[PDB]
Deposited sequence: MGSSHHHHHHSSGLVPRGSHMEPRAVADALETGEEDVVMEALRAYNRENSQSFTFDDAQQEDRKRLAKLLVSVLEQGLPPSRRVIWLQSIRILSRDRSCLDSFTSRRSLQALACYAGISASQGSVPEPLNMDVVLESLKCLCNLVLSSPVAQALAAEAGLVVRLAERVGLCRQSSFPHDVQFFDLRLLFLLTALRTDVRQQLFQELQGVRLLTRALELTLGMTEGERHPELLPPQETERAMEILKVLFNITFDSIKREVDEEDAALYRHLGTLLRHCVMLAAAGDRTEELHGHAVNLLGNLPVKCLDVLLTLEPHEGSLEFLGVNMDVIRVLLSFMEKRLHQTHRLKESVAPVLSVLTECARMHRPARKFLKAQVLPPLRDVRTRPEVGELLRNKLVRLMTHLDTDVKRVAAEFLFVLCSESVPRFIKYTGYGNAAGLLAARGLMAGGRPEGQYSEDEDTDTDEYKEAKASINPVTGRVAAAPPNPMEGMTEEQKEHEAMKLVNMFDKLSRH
């Protein structure tokens, strides 16, 4: 089935022959993500026929098949603008059950969410119309159903994925989920239920949890102010406890590193005072965080986003908790015997962290030097002894500690 032929059936075709035409096109292209530029206008003609019936309203008989054709065509940049209109996005939202304006077919809901994810991911116009339509309201509510919902894993995952796409790409939707919709409390609950204290997280629960973490990162990375109230502090502390469980948890399918990374990144957004839960001697979490960072020091092109969050978290734990500061000091900066080998030479942890003090990125320099500085209890000669003056000079200068 070619695009021109399928488009011909939709125009001049009986009900049973237009469904087979789409049925065959969906079979041949269920995994089509590259498209031939020759039949480009054929696909755009077919896409405009699919949108006309979608905007009019599909009968329940031909709904899963019609949306699958739209989902396939939405993978093409050329057919994209045909699907990104208000009526079209309103029809997909209504079929997904997330429209603000009939029972739901779970296969229709699944296909509508996938269609919406593709258009929102690919089209700023679609992102703008999705913000205007307020899809985030019903999305967060259904996500907030929690144990009260028999919705399948697929529907729950694509709600979160659509929640991630809207909050990552649209700052107005991002702030709406944070402020008006109280998304932090909503997604902390959804995280708590996705986790259950199993020693292994199943593959399905691993996917939804990490989406929840990435949505939580979008709404917390630049919206939480320095001074919070006790409701927010208790909310963030509770959320931090779930992140402590993720750090200590293993994930099926060799995804334990991927889950830990998102948990650490979200930790880096919480108010610093709320990191005390990582300690409630008992350094199991810090030990895991320390080796998490130690394994990330091999990243070169993506070093910044790999080590800065965990170093910032370790630095704050050491700064506010004396047993953590001393434990990390014993692990990172063990007492020197021979003081001849330069600090910036070697493969030990202290050597890797000193070399970052003269990194090219100013964020890496400050974050690495601040870490070793607080492990030295902010003592200038102790800081110089362990890191060497030339490496220490950057921090000491920035803090006005030369005089």
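Asks: In sequence order, name the stretches of the deposited sequence that have no C-alpha in these coordinates.
Replies: According to the record, the gaps fall at 1 to 20, 122 to 126, 222 to 227, 312 to 323, 447 to 512.
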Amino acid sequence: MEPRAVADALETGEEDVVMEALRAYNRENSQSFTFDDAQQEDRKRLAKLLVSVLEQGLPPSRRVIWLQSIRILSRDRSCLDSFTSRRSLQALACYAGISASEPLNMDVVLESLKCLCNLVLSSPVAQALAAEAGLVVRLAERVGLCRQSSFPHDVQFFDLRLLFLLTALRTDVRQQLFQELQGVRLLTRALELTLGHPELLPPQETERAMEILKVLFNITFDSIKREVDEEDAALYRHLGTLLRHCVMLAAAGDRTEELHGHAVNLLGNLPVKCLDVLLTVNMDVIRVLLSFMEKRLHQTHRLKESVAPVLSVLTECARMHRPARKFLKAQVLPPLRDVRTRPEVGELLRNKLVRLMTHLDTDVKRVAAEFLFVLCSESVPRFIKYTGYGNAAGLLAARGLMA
From here on, numbers count along this sequence of modelled residues.
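Asks: Of the two stretches 103 to 111 and 225 to 233, which shows the higher Cα B-factor on average in the entry?
Replies: Stretch with the greater average CA B-factor: 225 to 233.
Asks: Mind pulling up the entry and telling me whether 328 to 336 or 124 to 132 has the higher mean Cα temperature factor?
Replies: Of 124 to 132 and 328 to 336, the stretch with the higher C-alpha B-factor average is 328 to 336.
Asks: Between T362, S30, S377, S52, let me know which has the highest C-alpha B-factor in the entry?
Replies: Spelled out: the listed residue with the top C-alpha B-factor is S30.
Asks: Kindly indicate the residue among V367, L348, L67, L372 with the greatest C-alpha B-factor in the PDB record.
Replies: When the deposited C-alpha B-factors of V367, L348, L67, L372 are compared, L348 is largest.
Asks: By the record's CA B-factor, is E192 among the lowest, middle or highest third of residues in the chain?
Replies: CA B-factor rank for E192: middle third.
Asks: Splitting the chain's C-alpha B-factors into thirds, which one does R208 fall into?
Replies: Ranked within chain, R208 CA B lands in the middle tercile.
Asks: Looking at the C-alpha B-factor of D159, is it in the lowest, middle or highest third of its chain?
Replies: Answer is lowest: the recorded C-alpha B-factor places it there.
Asks: Give the position of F383 by CA B-factor within its chain, expressed as the lowest, middle or highest third.
Replies: For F383, whose C-alpha B-factor we compare with every modelled residue in the chain, the answer is the lowest third.
Asks: Is the Cα B-factor recorded for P152 in the lowest, middle or highest third of its chain?
Replies: Answer is middle: the recorded C-alpha B-factor places it there.
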